[PDB]
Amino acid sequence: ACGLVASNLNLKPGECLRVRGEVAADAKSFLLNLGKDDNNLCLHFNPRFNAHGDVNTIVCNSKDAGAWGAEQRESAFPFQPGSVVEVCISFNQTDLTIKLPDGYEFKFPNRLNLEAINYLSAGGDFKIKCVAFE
C-alpha cells in the first residue's frame, strides 16, 4: 500500500479504532483497509467521490484470500474534498460498526469471522494525521 501500513496491531473485540486524516483537494476516492493482511480483509472502506463508476457513495467490501466479496454500498456521504475527516471503526465479534463524521453509524458483517485485527493500511487521496486506539 502506498500509504501508512500498521501491522502487529492485535486489536480485540470491544476495542475502537479512530482514524483522522486529510482529504486531498482533488480527491476521487480514498480507502482504509483492515484485516489480517492485504489479502484477507474484514473491511475495505472506500468512499468514492467519483471513481470506478461511482459518485458520492461509500463502497464497503471484504476480501477472503485475494477474492473480493459482495459489495455493500452506503449513500450517507459527509465528505468534502480538501477537508480534515475523522471516521471511527468499532470491532465486535459478528460485525463491525462504522461511525461517520455526521453521526451516521452503520454495520458490516464480519464475514471472515476474525477475532482480532492485525493489519491496517491507508490509501487513495487521503493523508493520515492521527491514528488512535481505544
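Start at 1 with the first residue shown and count on from there.
Stretches 37-45 and 85-93 differ in mean CA B factor, with 85-93 having the higher one.
18-26 and 115-123 differ in mean CA B-factor, and the higher of the two is recorded for 18-26.
You'll see in the entry that, of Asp54, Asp64, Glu105, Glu71, the Cα B factor peaks at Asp54. In this PDB entry, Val5 carries a Cα temperature factor that places it within the lowest third of its chain's modelled residues.
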